[PDB]
There are 4 protein chains.
Amino acid sequence: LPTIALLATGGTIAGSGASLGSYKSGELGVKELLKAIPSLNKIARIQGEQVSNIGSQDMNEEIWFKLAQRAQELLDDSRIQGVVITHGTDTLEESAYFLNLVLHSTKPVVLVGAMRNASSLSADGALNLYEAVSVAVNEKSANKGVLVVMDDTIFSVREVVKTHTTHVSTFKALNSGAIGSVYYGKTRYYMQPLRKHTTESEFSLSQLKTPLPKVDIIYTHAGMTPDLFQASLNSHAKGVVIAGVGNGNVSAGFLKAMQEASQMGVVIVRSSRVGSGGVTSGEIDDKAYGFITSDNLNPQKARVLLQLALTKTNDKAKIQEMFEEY
Amino acid sequence: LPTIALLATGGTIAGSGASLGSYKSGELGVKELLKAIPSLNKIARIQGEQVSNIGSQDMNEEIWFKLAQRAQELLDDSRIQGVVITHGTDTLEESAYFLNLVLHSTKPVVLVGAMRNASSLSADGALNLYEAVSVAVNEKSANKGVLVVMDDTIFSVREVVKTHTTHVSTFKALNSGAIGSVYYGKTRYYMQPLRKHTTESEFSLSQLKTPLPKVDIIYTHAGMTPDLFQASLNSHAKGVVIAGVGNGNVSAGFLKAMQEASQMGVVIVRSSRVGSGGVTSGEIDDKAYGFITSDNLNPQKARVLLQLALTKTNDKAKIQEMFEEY
Amino acid sequence: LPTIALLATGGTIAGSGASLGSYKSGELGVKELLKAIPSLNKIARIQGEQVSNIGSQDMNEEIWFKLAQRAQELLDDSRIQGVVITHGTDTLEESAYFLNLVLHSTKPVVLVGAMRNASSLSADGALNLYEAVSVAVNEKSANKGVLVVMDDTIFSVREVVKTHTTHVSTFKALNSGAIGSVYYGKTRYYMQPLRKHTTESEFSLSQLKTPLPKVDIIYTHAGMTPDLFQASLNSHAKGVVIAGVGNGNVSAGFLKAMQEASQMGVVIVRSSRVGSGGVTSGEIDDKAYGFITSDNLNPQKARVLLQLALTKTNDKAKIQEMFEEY
Amino acid sequence: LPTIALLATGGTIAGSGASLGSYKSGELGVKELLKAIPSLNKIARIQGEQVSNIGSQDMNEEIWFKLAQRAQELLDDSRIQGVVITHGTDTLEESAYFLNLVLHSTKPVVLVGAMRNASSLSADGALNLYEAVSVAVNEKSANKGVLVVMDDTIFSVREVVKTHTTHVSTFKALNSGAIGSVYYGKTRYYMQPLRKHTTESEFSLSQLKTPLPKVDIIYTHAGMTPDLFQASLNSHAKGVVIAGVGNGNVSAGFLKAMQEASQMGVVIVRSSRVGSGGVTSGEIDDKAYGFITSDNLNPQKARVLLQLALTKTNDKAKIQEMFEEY
Ligand SMILES: N[C@@H](CC(=O)O)C(=O)O
Ligand SMILES: N[C@@H](CC(=O)O)C(=O)O
Ligand SMILES: N[C@@H](CC(=O)O)C(=O)O
Ligand SMILES: N[C@@H](CC(=O)O)C(=O)O
């Protein structure tokens, strides 16, 4: 059978206590996760290890770099056929995108979590993990970038987002859709992601060091004032992503603050709070002010790309090109 | 015919220049809006006026109070059968919710905008406005709270959100659905909203003064630090809404900052960045720290309710009760 | 504790064998369903019984009438506080609507199923059933018509449809939305259904006899010919629902066949194959031909209402009025 | 500028009269369509012609073959850079899929329609057509199979379906998502379709003759009986697609009828009425009876593939392989 490395980071998939909720994220080790499925041993040899044991609300760059380094080392090993990472669902979409930009392998990397804790009635993690391992061993899963497998569905990491606080079907791809299906391990792909990933990426771990450039996200709303934006500047942000209203829009006072920050060399990205769709110029002439539009990346994924962009360049045109290509 | 007051605030529905985009939000007056439909004059006498002429990204409390005061005065007039407000789509959902909580009338109040500027190819505002006026005159539109009519659909103000940066069908109700349909003016309702609105609300304009209590919204993501949260505190926020990860979750450092702020009397509301679903206790014991869960309100609508809550009380239990009732 | 009657009909919620699929619909009895939850005994006394043990693809009028008669008798009993019906998901939406039109009680009736068989990894039935019982005991569940509880969500029977072949979140309300949420038994309602149900319905079991009037559903597509439509007529259909293309449209040859059938007294309802939205007149002048538009009912629910309509009247205007009211 | 052939077939995009509905599908010629945009002449030379002038509810094989033959001849011409087809929305998804399987070119073919008639308030056709022409000239639109452009979105023909009776945003890809976006002509692709299309297809016009093999679609519901199925057999159907309940399920009497028909050489495809998801074996052992599962194709697109399959083979395994590959 193929060997799959399983890298556990924590998350509700490993959470425990209760059957009706009542749990901590974060709790059981990477070997109890395997005891509840082992029809698993029919499809892969699993090499499990613990990278961290946290709720993903506590995900940070130290763990991202440990996770990415371990994943890359295993992907480089000819005895490893693919990697599955168990992860809390809250920030899974950010870790997936980060790995999609920094890992260099054609072998499948699949992130998976659970929206119900492992001891819940009707817990969802066992079948999600079976499926995830099924996708990671499938030959057609190679060369598609980092994948997320949840609730019988296969997503590309750039596209997938957590859209609901609690539903088991919370992950969706609101702009471009799921790239495949997996039903009790039967895997089918219907789409190939076109944005640059993994082996095609200019970012790589050997070139990166934590702390990454500081990038904050600023929310907007009626009655908004740029006081938190200015505080971000004062705390030495190198980039700021705005979760703007509608098509990345902001108040006049915000815009003047953004213009001044950009003129000082801070990179300003216009994203949106709305949850889907691309941000475009038009009401704001981005090129007039040096602003970057975040494509159809939501604020947290725009931040991931911006942080990596800023390790390479401060050139606005080049950064806008990265948002067109990644 | 019935008389409908039309209160114009600006927005892309009044934006102009271009046929392929290229426009300012904000631009044409409340009487050109009526020239392009007037089968309108077959269903209502329209009494139009300009309250403001801005893109809704510049919506603020001065305009909210002017708008609400004018709407209430017209609703109190026996010669007015309903009110239509034209508004930019970016913050329409916030203005609608604010009016839903402060206006006291059973007569229909309908907000409407356009996702394409008035001089676009296939501009959407003319039919949206025809429809909006159609809903506002319909007898079944009374006593349902403030309404939003967009793209052939009737929404309750608490439920409706802008979900996409640019699509004409951007407004959706992701938790509870649209309450009715309107197709070339033919109006049908299928649901009655149950949360408290308008005549049942404890908030009213005569009790409110701007500036409302300061409430900021703090975004969260992997690698988050509470530095912007602390800056909000330092700028004298009376309440803070957190756009938390997943089910309103935050990092350990965030949680400790939130706990300290709550113990000092700042009201902390856990909302979510994800876009849909209710925030619940569980991983966070809200009652242990005095935190409020934002129900299924997204961060910007949670902020609207919190600002009004704070004019009445600092009592956490009472504020959580408002989030259960409004 | 309240007493809830549990009426089992079969379905994948009672299906068994396998952990990876491989099961029959239909298989385990109404008392094993209760062994896997019994935190249940903390919220209700359950009086279970088997009405049938079938996959819902074999649901028919004999079982509908047995089910409805038993439900009505239990609802009439002062010792019964509500009723939960376990049911296969395939035709759950039809049974729910039928019961919504024929049962006369204000007490809650809740239908529930499972998309994974009971012995699957991550089977969904235990928590769906816990939730269903939670909703059925809740005082706010009364007087809302028949309910469907699935996947943490509360639906009104008229609105809910199975939209996906296999996902656990397959049930949705595509026109009007879910009316509430239930999360580990915590029940909240946000909407009241407005169409006529249960105690407000003119249909009642004591007036109905099986076989109900024969009503067929005819599908449409490019290259369509009315040969199957004519066969329905030849097999003595009293009504025919057309699953038309787009806004209930049909080919010229279909239309002429429909016109002739209507002139002979067969009642023709224009529904749609598309899955959502109301069917309207316009391209077809329904009143010219005596046709009925099916509102926003999909073909199978339009058929349920039409069958009941035809026990009362052949009057087209009265039947169109039923499609406006139910 | 590039030359784009525009092939008009009719549809609401060419419908006229009325500003509030009231129109015939079908009505204005392929040259008035061009008068209302001509910023068009800035992006392409348009060579327009009328193939037909019908509502798409009257689409049939005579027009499909005329349309396909003309499209292929133009695609074979070195002076033609791409083809846009204007079409009624009702059966657009079927024509698109048929062309995706029979046309052999790498140049873009784009189908487009309008959900509001051309003389409606806020008619959607002008911008949809501008966009469609924009996509058809874009170099990245080549080699992706037949495309559908509607409402600012780019779809692959296999994936796209009309989901709502009347909304302008009715077309969606419920399983795999849109492959790109187009906003006032700015075209971006995020996904490549993987199922076989156009140049990779084994079907081609030179091998096909109308009438194609007869294939009917049979709807299912509670209380179903195979009488219409038997009538299809009696009318010499070569294949039958079942719009089954849930995961392609049917009553016991249906199943026995299906088994007998298959044993006689009629090819039986299990699709679903639900609107999304793949049909799988499991409750029905398809290989036991010779049945074909329709993948995630809805009944009308399953019919298109089945008709073409039947011109090539009667071999069940080979036909199931086509449903795995196309
Ligand atoms: N807070 C949890 C939520 C989950 O995994 O569902 C986490 O992200 O670790
Ligand atoms: N920025 C504009 C967007 C719109 O109306 O569509 C506004 O909200 O005023
Ligand atoms: N065929 C099964 C499907 C299910 O329950 O999920 C039934 O409806 O009984
Ligand atoms: N019945 C029309 C509907 C439309 O185009 O929107 C057609 O398909 O031709």
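For chain A, the PDB entry supplies the name L-ASPARAGINASE and the organism Helicobacter pylori. The record deposited in the PDB is entitled "The crystal structure of Helicobacter pylori L-asparaginase at 1.4 A resolution". Under the heading Subcellular location, UniProt records this for chain A: "Cytoplasm".

Visitor: Give a detailed account of the pattern of salt bridges, specifying residues and quantitative values.
Guide: Scanning the entire structure with this criterion turns up 72 salt bridges over all chains. The closest approach of N and O atoms between D:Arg188 and A:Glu324, which form a salt bridge, is 2.9 Å. On the criterion of chain membership, the pair formed by D:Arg188 in strand β10 (residues 186–189) and A:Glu324 in helix α9 (residues 316–325) is interchain, its members lying in two chains. Under the relative-accessibility criterion, D:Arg188 is labelled partly exposed at 22%. Under the relative-accessibility criterion, A:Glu324 is labelled partly exposed at 30%. Here D:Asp90 ties to D:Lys162 by a salt bridge, and the two come within 2.8 Å at their closest N and O atoms. With D:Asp90 in the loop between β3 (82–86) and α3 (92–102) and D:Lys162 in strand β7 (residues 161–162), this pair connects stretches of sequence that are 72 residues apart. Accessibility assignment for this pair places D:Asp90 and D:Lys162 in one class, buried. Bridged by salt links that share partners, the residues A:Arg158, A:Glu159, A:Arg195, A:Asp295, A:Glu324 and D:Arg188 form one connected network.

Visitor: Explain the interface of chain B and chain A to me, and be specific about the residues and the numbers.
Guide: Every contact between the two is made by 50 residues of chain B and, on the other side, 50 residues of chain A. Here chain B and chain A share an interface that buries about 4,000 Å² over both sides, 52% of which is from carbon and sulfur atoms. On the surface where chain B and chain A come into contact, there are 4 salt bridges. One salt bridge connects B:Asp227 with A:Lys214, and the closest N-O pair in it is separated by 2.8 Å. The interface formed by chain B and chain A includes 28 residue pairs in polar contact. When contributions to the side of chain B that touches chain A are tallied by element, the ones reaching two or more residues are α3 (92–102), β12 (215–219), α5 (227–234) and α8 (299–312) of chain B. The element that contributes the greatest number of residues to the side of chain B that touches chain A is β12(B), accounting for 5 residues. Residues of the side of chain B that touches chain A, tallied by class, amount to 17 nonpolar, 22 polar and 11 charged.

Visitor: Now, about empty space enclosed by the protein: what can you tell me, with residues and values included?
Guide: Residues and elements named next belong to chain D. Its boundaries defined by the atoms lining it, the largest cavity holds a volume of some 180 Å³. Looking at the lining of the largest cavity residue by residue, the classes come out as 5 nonpolar, 10 polar and 4 charged. Two domains each provide a minimum of three residues to the lining of the largest cavity, namely domain 1 (1–213) and domain 2 (214–325).

Visitor: Describe the interface of chain B and chain C, naming the residues involved and giving the relevant values.
Guide: Between chain B and chain C, the residue contacts involve 22 residues of the former and 22 residues of the latter. Between chain B and chain C, roughly 1,700 Å² of surface is buried when both sides are summed, and carbon and sulfur atoms account for 55% of that area. For chain B, the biggest contributors to the area lost against chain C are B:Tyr190, B:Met191 and B:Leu194; these three give 41% of the whole. Seen at the junction of chain B and chain C, the total is 4 salt bridges. Notably, a salt bridge pairs C:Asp295 with B:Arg188, separated by 3.9 Å at the nearest N-O pair. For the side of chain B that touches chain C, the elements supplying multiple residues, two or more each, are β10 (186–189) and β11 (191–193) of chain B. When residues of the side of chain B that touches chain C are assigned to their parent elements, the largest contribution, 3 residues, is made by β11(B). Its residues assigned to classes, the side of chain B that touches chain C comprises 8 nonpolar, 7 polar and 7 charged.

Visitor: Tell me about the relation of the copies chain B and chain A, and please be specific about residues and values.
Guide: Aligned on chain A, chain B shows an RMSD of 0.0 Å; the corresponding rotation is 180° and the shift along the axis is 0.0 Å. Here the transformation between the copies is reduced to the relation of a two-fold axis. Same-surface contact between copies: 100% of interface residues of chain B are shared with the interface of chain A.

Visitor: Give a detailed account of the packing of α8(B) against helix α9 (residues 316–325) of chain B, specifying residues and quantitative values.
Guide: Residue and element names in this part refer to chain B. Taken N-terminus to C-terminus, the directions of α8 and α9 make an angle of 135°; their axes are 10 Å apart at the nearest point. Taken together, α8 and α9 sit at an angle that is classed as oblique. As α8 packs across α9, the resulting crossing turns out to be right-handed. Here α8 contributes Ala-302, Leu-305, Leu-306, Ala-309, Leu-310 and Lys-312 to the contact with α9, which in turn contributes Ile-319, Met-322 and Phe-323. Looking at the contact of α8 with α9, its residues break down into 8 nonpolar, no polar and 1 charged.

Visitor: Describe the relation of the copies chain B and chain C, with residues and values.
Guide: In the superposition of chain B on chain C (RMSD 0.0 Å, axial shift 0.0 Å), the rotation amounts to 180°. The residues that chain B uses at the interface reappear at the interface of chain C in 100% of cases, marking a shared surface.

Visitor: Outline the UniProt feature "binding site: substrate" in chain A, supporting the account with residue identities and numerical values.
Guide: Residue and element names in this part refer to chain A. The sites that UniProt annotates as "binding site: substrate" are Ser-56, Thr-89 and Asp-90. A stretch of 35 residues holds the annotated residues, and the largest C-alpha distance among them is 6.8 Å, short enough that they meet in one place. With respect to the element layout, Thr-89 can be found in the loop between β3 (82–86) and α3 (92–102). Taking relative accessible area as the criterion, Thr-89 reaches 4% and is therefore assigned buried.

Visitor: Can you explain the domain arrangement of chain A? Please cite residues and give values.
Guide: Residues and elements named next belong to chain A. Per the domain assignment, the segments making up chain A are domain 1 (1–213) and domain 2 (214–325). Contact with domain 1, which involves 23 residues of that partner, is made by 25 residues of domain 2. In this assembly, domain 1 packs against domain 2 so that about 2,100 Å² is buried in total across both faces, 55% of it on carbon and sulfur atoms. Of all residues in domain 1, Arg-195, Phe-203 and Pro-213 give up the largest surface area on contact with domain 2, accounting jointly for 30% of the area buried on that side. Between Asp-295 and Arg-158 there is a salt bridge, with the nearest N and O atoms lying 3.0 Å from each other. Here domain 1 and domain 2 share 17 residue pairs in polar contact between them. At the level of elements, α2 (61–75) and α3 are the ones that each hand at least two residues to the side of domain 1 that touches domain 2. The element that contributes the greatest number of residues to the side of domain 1 that touches domain 2 is α3, accounting for 6 residues.

Visitor: Tell me about the UniProt feature "active site" in chain A, residues and numbers included.
Guide: All names here are of chain A. With numbering aligned to this structure, UniProt lists the feature "active site" at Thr-12. Note on placement: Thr-12 falls in the loop between β1 (3–10) and α1 (32–35). Owing to a relative accessible area of 7%, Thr-12 belongs among the buried residues under this scheme. Once you skip the residues sitting within four places of it in the chain, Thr-12 turns out to touch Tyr-23, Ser-25, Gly-88, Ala-114, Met-115, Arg-116, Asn-117 and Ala-118. Among the polar contacts listed, one links the side chain of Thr-12 to the side chain of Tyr-23, at a separation of 2.5 Å.

What counts as what
Residues numbered from 1 in each chain as written, not as in the entry; some residues may be left out. Chains lettered and ligands numbered in written order. Heavy atoms only, no water. Residues with missing side-chain atoms left out of burial classes, pairs and counts. UniProt positions renumbered as here; feature names shortened; annotations may be inferred. Salt bridge = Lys/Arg side-chain N within 4 Å of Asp/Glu carboxyl O. Helix = DSSP H or I, 4+ residues; strand = E, 2+ residues; numbered from the N terminus. Buried < 20%, exposed > 50% of the residue type's maximum accessible area, 1.4 Å probe, protein only. Contact = heavy atoms within 4.5 Å. Buried area = accessible area lost by both parts, 1.4 Å probe. Polar contact = N/O pair within 3.5 Å; in protein donor to acceptor, adjacent residues only side chain to side chain. Nonpolar A, V, L, I, M, F, W, Y, C, P; charged D, E, K, R; others polar. 1 Å grid on protein atoms, 1.4 Å probe; cavity = no way out; pocket = protein on both sides within 12 Å on 5 of 7 lines; lining within 4 Å. Points joined across faces, edges and corners; volume = space filled by probe spheres on them. Domains from an automatic or database assignment. Least-squares fit on C-alpha atoms. Axes fitted to C-alpha atoms, helices over the stretch in contact; angles between N-to-C directions. Parallel < 35°, antiparallel > 145°, perpendicular 65-115°, else oblique. Left-handed = near helix turned anticlockwise from the far one by under 90°.

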